[PDB]
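Below: the structure, in structure tokens.
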Amino acid sequence: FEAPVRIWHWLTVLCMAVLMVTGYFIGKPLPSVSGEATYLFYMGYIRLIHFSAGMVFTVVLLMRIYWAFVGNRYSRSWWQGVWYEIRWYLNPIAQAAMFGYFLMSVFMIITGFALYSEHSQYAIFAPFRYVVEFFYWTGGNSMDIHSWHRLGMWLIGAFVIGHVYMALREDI
Amino acid sequence: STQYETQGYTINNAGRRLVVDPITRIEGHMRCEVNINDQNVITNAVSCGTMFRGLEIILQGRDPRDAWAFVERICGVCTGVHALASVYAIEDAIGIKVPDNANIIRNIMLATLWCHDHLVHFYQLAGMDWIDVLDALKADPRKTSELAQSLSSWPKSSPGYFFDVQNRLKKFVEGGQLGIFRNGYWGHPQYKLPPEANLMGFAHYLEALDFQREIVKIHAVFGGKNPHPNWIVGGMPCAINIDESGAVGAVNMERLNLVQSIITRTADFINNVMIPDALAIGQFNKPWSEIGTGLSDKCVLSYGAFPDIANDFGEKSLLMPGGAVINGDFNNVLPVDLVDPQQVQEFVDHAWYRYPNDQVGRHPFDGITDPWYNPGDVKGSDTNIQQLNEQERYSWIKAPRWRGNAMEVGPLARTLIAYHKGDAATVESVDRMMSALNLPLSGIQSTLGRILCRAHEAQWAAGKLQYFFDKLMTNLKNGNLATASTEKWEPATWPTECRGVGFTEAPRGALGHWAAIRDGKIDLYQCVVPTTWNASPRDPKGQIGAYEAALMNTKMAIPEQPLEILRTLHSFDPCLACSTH
Amino acid sequence: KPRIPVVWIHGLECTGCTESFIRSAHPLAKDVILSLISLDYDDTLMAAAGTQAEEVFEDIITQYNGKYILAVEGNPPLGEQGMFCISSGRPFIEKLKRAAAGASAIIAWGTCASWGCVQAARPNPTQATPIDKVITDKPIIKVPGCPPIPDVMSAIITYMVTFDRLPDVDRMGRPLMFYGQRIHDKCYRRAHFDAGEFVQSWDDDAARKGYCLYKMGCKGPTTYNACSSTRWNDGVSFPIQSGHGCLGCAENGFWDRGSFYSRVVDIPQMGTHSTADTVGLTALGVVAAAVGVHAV
Amino acid sequence: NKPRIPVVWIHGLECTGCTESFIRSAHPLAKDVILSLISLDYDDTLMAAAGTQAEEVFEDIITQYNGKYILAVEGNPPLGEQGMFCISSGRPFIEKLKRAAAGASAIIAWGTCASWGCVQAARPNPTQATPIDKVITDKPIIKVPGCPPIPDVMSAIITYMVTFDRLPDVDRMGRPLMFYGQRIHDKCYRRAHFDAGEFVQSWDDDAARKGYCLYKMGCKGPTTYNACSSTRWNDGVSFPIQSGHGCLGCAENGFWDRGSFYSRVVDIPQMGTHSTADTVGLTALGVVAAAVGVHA
Amino acid sequence: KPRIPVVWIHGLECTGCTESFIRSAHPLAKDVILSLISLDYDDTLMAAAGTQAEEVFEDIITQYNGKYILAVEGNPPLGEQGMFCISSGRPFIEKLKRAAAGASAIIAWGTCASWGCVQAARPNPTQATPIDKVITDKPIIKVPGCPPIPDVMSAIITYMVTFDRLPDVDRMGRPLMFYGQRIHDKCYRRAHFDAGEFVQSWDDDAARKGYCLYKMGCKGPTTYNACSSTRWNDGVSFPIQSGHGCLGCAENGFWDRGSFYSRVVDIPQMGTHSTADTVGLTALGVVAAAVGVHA
Ligand code: HEM
Ligand code: SF4
Ligand code: SF4
Ligand code: SF4
Ligand code: FCO
Ligand code: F3S
Ligand code: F3S
Ligand code: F3S
Ligand SMILES: [Cl-]
Ligand SMILES: [Mg+2]
Ligand code: NI
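Protein chains in written order, with the authors' numbering: chain A, 14 to 89, 100 to 113, 126 to 207; chain M, 2 to 582; chain T, 4 to 299; chain S, 3 to 298; chain Q, 4 to 298.
Below is the structure:
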């Protein structure tokens, strides 16, 4: 068994809200506590909720993308790119927004997993270890992965401020 | 050829030219050129820094709190001293006062570096100029033992021990793989130690090579690692916990016990191995108490160091005295001010840099580091220097002057300053040393004197270590544990614009960092480093620096083998990455 | 028996890597030099200078051509035709290339030779370049760190001598044995990290109990090295243990990765001091502007 | 000169491991402790006098320096067989202990033996071995547990008491806060693996060869207070976990009877980040794979 | 057993600190003097005067050299060669240095000895200088306040006698026990501060209900001392409790920190009820005015 099609959107939103709130505090952690670190795991739980929200998010996102593809794009190699451009200068800047949004999510996954699979996951995560070499090729290290990952989160939050105001503008 | 008069010297570049490139058994990259007359005497000397990195440029725009970490990498040999200067400077600019323990620990870090740096230089750098390593193969172990035991209390002196050392060396060479000893100057007539003294020396070289690693454990406790320990603006990051839960995660009694154990061992090695060896080289190389005087009987400089009163850099606080002497007038030790635009200035008219007017010197607050490699005609091409044109630009080192005077800095300089300021401990110490050598006080102002003063400094520093440690422990007994001031850590608390100076005495002499902060970022960062002073090129007056002065009038027994040049230069303990940064 | 010939050259450097090498506790640097290898050229330690030093260099690389190990400390500058670093009146890069040509393998000591280190930081006045950007036809073992751990340096040396082979390396050319894991993967303060127990300002109660230094900017989480296990100077300590966060000194371009004291750091390809919060919050406030202007 | 503080070191039922540990001290060396910090006036293991000469020393010290000496106690008294399970000078050891404690200013209880009872007190405690604090009730007793305690911890506690002229601050159990304030598990360099859910499952597996956590091999780190993970053993060379064996819990009361050493600790929170998130991912990947029809 | 010798000297001061000391409720100053220490020199209380007093001074610092505690009230003036404060025809600073030289530790009583206090305020006519600027080679325990709390003074004394050690101190040399926290962090009026409930003028309704004195210039938020917990004169009161804001009298250079009746700066302040009352009326007025009932 499964459910209605809007479940697989409210999920992503739930995942998104969690990956943001948690990922935020992985980089700018909450105030410090004090006790006996045997019985305390606050930061560890934030990271855990993050990685596994990122698991769910990743699965849902990829199935949700697989269908839009199979179904022609949306509506029920740079040619199409250069042509998207001519008709693009005349709602055409709103599609490129929803597209950029799904492009970010995938970037947040490629980068997010490069970090997660690092300490020798040694299985199906083998490709993500090109992302690392790439950032090294850039003349950087895995710290840059963290930085670009944190940036992606802010960029997503930008669309969300737009996409939310744009939706609430459908309070006709 | 050109001919001219400066500071009592005749600078004459006629005659034969000699090139020593690379200068080895120094830090970094140096090129030296000389001219000798028909008698084989040096009539012209050229000091050339053959490297540049540009830290002053790299520090532009960065966070003042990060500065120490960048500048520390100016030099891995005098590791830590630039970081000390940097935190001094930034704390001067912002107006930060560090806790007592933080100051004591910083003094310990400096003292530790003095002990380590002096020791390694004596044996691993300068040592083979005086010790004929291959001649040690001809020594009698039993006699070597008797010599060693006549000079020191040190336990490691058995005939069997020297025999073992001699055998290890003999085996080592019998393979033709002489390594670091290959193509040396062994058998040079200036090698004056008897075979037994060479064996003793070489054994101690090995002992020093081993033991130097232990000294820096003090840096590892308080600064995490060596080379390049860690520091913070506002004090030190090594929080102290003696008597409370979690002391395992801080500097505790056990950590302090380790520090105490290193201090004892360090003073013991310096006093009974290095000191007697320095004294021994003195006994066998007395003519060198009259060679390589240079500027040391004319102009010497010290900023002073080791503030014993926290945040007080005045005369009542610095345990190592500061001051300047010019024109050989050692009877008036002049006060030094690093803010005064009239005192410290740098000239680039003979260096590979650009000024709006290269005929004037710039105080570091007005400093400019604009590098341009422009050698002029160098009897070669631009990538094939056969001879530096010492008339024009010939070095990556700036030319520092104090009130227009060329100065010598370092252990000898400091000793003279302290001596003539009437520091009782210093006076007594120096007179004893010279009395033992049956030399006048003047004998210190020489190539030999530099080496002697360095050794004496190591002994001074080792003594100081224990002093500082005791000060720390007294604070701890009194419940004074604070190691940092956090109050003005946040850039929001800083003045919008401010500037400061950080100074201390590095192993090689007077060090200064000049820093200007604007809007929480570094607007200016200029460094004048001890070897910058000593290895300085000429100025618009044609005045020569410490190295060039010291090499003047020097007799060479064989010019195809620059042993006398090496002896004098090495006596300064050149650090070229420091000089150029 | 004969020992393997080693040529140790120096480019732009602070000589910290050489200094580290002689700190080795086991084996002692003394025993390495005397018994394990033949240190045939090394400016810092050799007796010969000038033309005598040059003769040694040419003689070693010629007589032991294709058989010696080249150890490289520092890096070559490309600026001013290479004359930012001059050796025997010529650009250091020529020496490097000449030495590399006859080497059977090359050791890149420290962050300098591996990556570029401090002189290569913005704006790299001299165009300091890591060795592997210049020498592309030789096996290069990167042993990064500023400097690397003394006993790591010697362990790598003893490995190559004893096992007569190069150590296995990661995709970056670093030996897996000491650089296969991150500091954060073996840091004794991890218990505090995961508990959310952090030092917030220097010398607070948290610092006095040895709490995690993540909020003080520790770059342990992204830095591969052995410091948290092997430790420094005969296992006495390492940066974090003495209360300062890891700077990331073993990592490529760590100098230009923002403040050492901040979690969110400079993105070089995007301005002078623009970080992910800078660029990110600017974009968030710019949409809020559009979203509130249009809504009136 | 200066007199040193008189120290009387007595031995009950023990293995003499604590005395051995004491002389392992790296800083200060045991030699210097004996020479300069204290006056070790009685100690069966080291003293020249035996028999009636030893008895005379004992009597003379505790009488002359009555109320002014420190009593160090290694081992513990047996209550069984009227105390004749441990006989000193033809009398029950407990009589010696009581006589020594009556004149002491303060008592140091070396090791788990004196602190708790250790191995001889394990089920069924044939001799009724009893910790010192159960016998002596009117004197300050500083418990320095461990089997044995860390050498440098022992000397540090001694140097503390000499230098600062006072007893170290203690928990409710009498252990010095300085070294027993935290758990092994809270300063263990393998926490990263614990926290990730990366465990050794059997000896010398790939996990063990990478130095993964030993929680599932029975490590009692999570319930053991000691300094082994920070201070470390034998001049900071190693500690049990670092050399691949889990903590036995040897600093803790009755640790011998807390089940097998290879049995997992209980009531310790443990939820791995990567272990949980790997499960969450496959659970979701497998739910989808089932619905699509590419199950297995 | 003999009692620890204490030498109590006086520089430029008001004798407020000596007065405070004798206010001690527990232990009584009487019992401190008879049973806990040996107050061997103290100009205010000793019988001997002139040459007799000088003889006592010399005898104590000689006989008990290296073993006595030096208690310092007031401070030395550097102006006029030190002759702004004259003791036995000579500058007080000479007696200070002499007494310091033989002391094992120095207690700097009050703001005067610790910092400078009122005489060091602008323009410091006599160049009054705190003890730690003059004596640099001795442990100095600063016990600031004008004067310090009587029972804090005696508690510090009893600590050093009973525990035979100096109290742990901050980086400023203040005993952590009584100076580790700010007045504002233990003030019984913090509820009002946090609510935004302030006295605005003297004897208003807010003052008669014991509201916060932040707006009346209370320097509590920047002052380290124990007045809000230990309180004054056997726990009877402290400045804020009797309706006056903290002057900051335990802090360095507090006399020159602007008027006492001027608000303190860079202290975060955001009321709970003062903010929520504002958000409410902003919303209610936007609403009531739209409906039409602005009246
Ligand atoms: C909308 C998608 C996501 C958002 C908004 C998000 C947000 C964040 C943020 C802000 C950080 C902190 C970066 C820093 O300051 O260092 C972070 C860390 C991280 N994220 Fe994500 N993330 C997302 C997706 C993912 C995914 C799919 C994964 C894959 C498992 C992932 C794995 C990680 C990891 C491994 C870290 C750092 C863990 C650590 O070392 O503590 N993220 N995330
Ligand atoms: S101090 Fe650094 S390496 Fe250690 S646990 Fe914290 S972040 Fe990780
Ligand atoms: S269970 Fe043991 S091995 Fe694992 S982190 Fe805890 S103390 Fe270390
Ligand atoms: S400002 Fe003054 S009256 Fe108000 S809470 Fe703070 S200390 Fe008390
Ligand atoms: N000593 C030293 Fe290095 C130089 N010159 C510095 O500073
Ligand atoms: S700063 Fe470098 S020394 Fe190790 S702890 Fe970090 S890699
Ligand atoms: S067994 Fe004992 S030795 Fe330490 S590691 Fe556990 S407390
Ligand atoms: S005025 Fe002084 S008395 Fe206390 S309340 Fe303020 S510190
Ligand atoms: Cl030794
Ligand atoms: Mg400079
Ligand atoms: Ni240097």
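Heads up, the beta-carbon is just placed ideally off N, CA and C, and yes, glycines get one too.
Listed by chain order, chain A residues near residue i by CB distance under 8 Å
i         : result
T/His-195 : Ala-50
Contacts that residue i makes with chain T (C-beta to C-beta distance below 7 Å)
i         : result
M/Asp-64  : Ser-262
A/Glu-168 : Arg-174
Integer Cβ distance of residue i from residue j, believed to fall under 8 Å
i         : j         : result
Q/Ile-143 : Q/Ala-102 : Their Cβ separation, rounded to whole angstroms, is 13 Å, which puts Q/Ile-143 and Q/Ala-102 out of contact at 8 Å.
M/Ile-58  : T/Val-121 : Actually they do not touch by this definition, with Cβ atoms about 11 Å apart.
Q/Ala-104 : Q/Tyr-71  : Not really, about 11 Å apart at Cβ, beyond 8 Å.
T/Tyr-191 : S/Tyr-191 : 4 Å
M/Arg-402 : M/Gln-346 : 5 Å
Contact list for residue i against chain T, beta-carbon separation under 8 Å
i         : result
A/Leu-186 : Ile-270, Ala-279, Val-282 and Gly-283
CB contact flag (residue i, residue j, <8 Å)
i         : j         : result
A/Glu-108 : T/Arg-174 : no
S/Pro-30  : M/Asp-244 : no
M/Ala-311 : M/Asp-101 : yes
A/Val-69  : A/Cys-28  : yes
T/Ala-293 : A/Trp-189 : no
M/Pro-560 : M/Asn-41  : yes
Q/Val-9   : Q/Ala-116 : no
S/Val-146 : S/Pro-178 : yes
M/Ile-216 : M/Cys-116 : yes
S/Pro-150 : S/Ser-23  : yes
Proximal chain T residues relative to residue i, where beta-carbon distance stays under 9 Å
i         : result
M/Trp-403 : Those within 9 Å of M/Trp-403 in chain T number zero; the least Cβ separation is about 27 Å.
Chain M contact residues for residue i, given Cβ-Cβ distances below 9 Å
i         : result
S/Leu-179 : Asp-244, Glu-245, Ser-246, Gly-247 and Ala-248
T/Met-163 : By Cβ distance, chain M contributes nothing, its closest Cβ being about 18 Å from T/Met-163, past 9 Å.
Q/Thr-139 : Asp-309, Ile-310, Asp-313, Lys-317 and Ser-318
Cross-chain neighbours of residue i in chain S, by beta carbon under 9 Å
i         : result
T/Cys-190 : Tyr-191, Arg-193 and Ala-194
Listed by chain order, chain Q residues near residue i by CB distance under 9 Å
i         : result
M/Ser-486 : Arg-174
Within chain M, partners of residue i - CB distance below 7 Å
i         : result
Q/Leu-169 : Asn-479 and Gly-480
Chain-ordered chain M contacts of residue i [CB-CB under 8 Å]
i         : result
S/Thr-233 : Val-249 and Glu-255
Cross-chain neighbours of residue i in chain A, by beta carbon under 9 Å
i         : result
S/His-276 : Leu-61, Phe-64, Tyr-151, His-154 and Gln-156
Could you pull out every unbroken alpha helix (DSSP H) segment of at least 4 residues lying fully inside the stretch 445-506 of chain M, listed in chain order?
448-478
Give the residues whose C-beta lies closer than 5 Å to at least one heavy atom of ligand 4, in chain order.
Here the list is Q/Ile-186, Q/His-187, Q/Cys-190, Q/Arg-192, Q/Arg-193, Q/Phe-196, Q/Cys-215, Q/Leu-216, Q/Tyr-217, Q/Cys-221, Q/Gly-223 and Q/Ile-243.
Would you mind listing the alpha helix (DSSP H) stretches within the stretch 55-138 of chain M that are 4+ residues and don't spill past its ends, in chain order?
56-59, 68-73, 82-95 and 101-121
What residues come near ligand 11, if near means a beta carbon less than 5 Å from any of its heavy atoms?
M/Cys-76, M/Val-78, M/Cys-79, M/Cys-576 and M/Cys-579
Residues proximal to ligand 9 by C-beta, any heavy atom closer than 7 Å
M/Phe-212, M/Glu-215, M/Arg-266 and M/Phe-270
Kindly provide the ranges of any alpha helix (DSSP H) runs that are 4 or more residues long and lie completely inside the stretch 150-211 of chain Q, ordered along the chain.
153-165, 179-182 and 193-198
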